[PDB]
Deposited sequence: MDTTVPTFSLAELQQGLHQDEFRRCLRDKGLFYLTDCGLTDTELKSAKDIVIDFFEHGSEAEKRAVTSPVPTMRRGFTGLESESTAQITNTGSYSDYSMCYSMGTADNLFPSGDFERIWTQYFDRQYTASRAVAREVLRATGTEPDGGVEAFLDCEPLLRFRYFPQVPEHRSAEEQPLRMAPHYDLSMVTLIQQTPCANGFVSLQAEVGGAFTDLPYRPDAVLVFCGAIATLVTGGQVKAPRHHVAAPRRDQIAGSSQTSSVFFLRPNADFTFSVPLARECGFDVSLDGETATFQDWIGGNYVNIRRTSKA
């Protein structure tokens, strides 16, 4: 089997092309680059510049006003680890609501950036479901109108793990990002013309094991954008089916919700260790 990370045009997928190839990719690899999805280096420049300017020239008062009282990295500014937790790296997060913006121009640029990412993530997830003939409990659209989280970081840096999202979209700017493909770590360089997609555990779950959730990590001067498309707490699934594809669930009953499985706080990643 080719260990190459494939590339798919969203437009072409939406037209019913390369369905067999798409299915094989999802099953055997669970990751691919996506083009023609409305996201390129162009849309990124604007957001990167404005936020980077903030991480460098924003004062403490300005950062404080956009910092959550709890360091959860859910909304606003965060200094992630004498000195400051910023020494290692800084982060900016946002979602569909309850955001913290430092200025008007920043808000406009990022609200639009977030929207393109959300639209693209929903679109590719929609094709993931169609290619596997998957109809989530409660319908496709209700499943896709969910709880996304966008994190932008600015600098092994990150330990091996898999994501618990439906799908995760990544934009980057030495190749630090590595993913397991064909039983070996493969480089995942930047593609100014595309976004990198990682399938998460929820894709595996909802499709009944038809999609792989690949492990990946970061080796150790770069910025990355990570968009997690996460289901709603009440997303419902079959317990026996989860067991049939690898989930070591401790759930009584025939059906369960995302909340029942993961708990009352979103968990984005999981280390196999």
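Counting the deposited sequence from 1, the stretches lacking C-alpha coordinates are 82-90, 165-177, 196-200, 248-256, 310-311.
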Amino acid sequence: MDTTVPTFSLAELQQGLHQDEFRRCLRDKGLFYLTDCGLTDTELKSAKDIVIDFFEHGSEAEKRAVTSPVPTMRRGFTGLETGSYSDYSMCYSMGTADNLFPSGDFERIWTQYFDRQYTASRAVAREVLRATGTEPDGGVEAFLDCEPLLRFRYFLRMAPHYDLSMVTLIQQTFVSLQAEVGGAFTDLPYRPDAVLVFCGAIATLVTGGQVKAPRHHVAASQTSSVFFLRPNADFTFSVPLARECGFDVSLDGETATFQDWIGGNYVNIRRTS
From here on, numbers count along this sequence of modelled residues.
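Remark: stretch with higher mean C-alpha B factor among 32-40 and 202-210 is 32-40. Two stretches are in play, 177-185 and 145-153, and the higher mean C-alpha B-factor belongs to 177-185.
Note on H216, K45, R230, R243: the highest value goes to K45, judged by CA B factor as recorded. The PDB entry assigns the greatest CA B-factor among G138, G133, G83, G95 to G83. Ranked within its chain, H161 lands in the middle third, by CA B factor from the PDB record. The deposited CA B-factor of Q172 belongs to the highest third of values across its chain. Among all modelled residues in its chain, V5 ranks in the middle third by Cα B-factor. Sort the modelled residues of the chain by CA B factor and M90 lands in the highest third.
Sort the chain's modelled residues by C-alpha temperature factor and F101 lands in the middle third, per the entry.
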